[PDB]
């Protein structure tokens, strides 16, 4: 005939909205069991559930945000961001400013703020001393350093004065705010919070093969962006799998608004076997947690996010 489609388009957007809202409504107890099941059935799942219970919220704590906002040199930070903005003439009146911010936090943290700690420096000896350090292995925390979030201390013997120096591994980001050094663990922990203190939309992304980083939502790029603070890197997810040529299995991200499997973003070769969990389960698992997580939000927040969700899904599977 001559169908004409907006008449029909519009009808769709409308029935789609309701569809979506129904999904993110009722916590139907058919799932409550299937879920509950899986968290005992498979321990990998249990793993991530536990990770969500920590990561998905710890960082949304406004005391911390202000401690960090005190502690960083907000002057120097913005000063630079404004310099590097003035240089740009990208898109007319656009959110690109917050990208610069990230990039600058990225350099600030790495160049000025925080230190990488391979083996610690010998506190008795000078400052730049760390090979006349030989590892004696690990031990439980001295009780004093259990005040913070430390479950293990790597310990070192100095070969030049023969004194023990300790390197405790803390999860309290504020503590890190004082020690000012660590490995990717600490690096990512604190930098995630630094980012959240600007109320950027951030995720903490866990790679099963002992590496972690974060994701930030650039509004100007309209999608999640890969930020690693260690490598001082903005938007280059390939770094790990191609440049480092690292074998990877699962990559999953946790954020206050959801837990999503972000593997296909990162694991673009050197793909290990997935098999700690059945695929359909892992999907469900997230969706379920994400739901539980989004449980108390108005109807149009819910939709708006579930869209940004499907945006990502399409970016992941179509893997542009």
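Residue numbers count along the first chain shown, from 1.
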Out of 127-135 and 206-214, which one has CA B-factors that are higher on average in the deposited record?
127-135
Higher of the two mean Cα B-factors (62-70, 279-287; per PDB record) comes from 279-287
Would you mind checking which of 199, 237, 173, 89 has the top Cα temperature factor in the PDB entry?
89
Choose from 269, 41, 263, 57 the residue with the greatest Cα B-factor as stated in the PDB record.
41
So where's residue 223 on the chain's Cα temperature factor ranking, which third?
lowest
Using the B-factor values recorded in the entry, state whether the Cα atom of residue 27 falls in the lowest, middle or highest third among the modelled residues of its chain.
highest
Grab the CA temperature factor for residue 160 from the record and place it in the lowest, middle or highest third of its chain.
middle
Hey, what third does residue 48 fall into on Cα B-factor, ranked over its chain?
middle
Taking the entry's C-alpha B-factors for this chain, is residue 119 in the lowest, middle or highest third?
middle
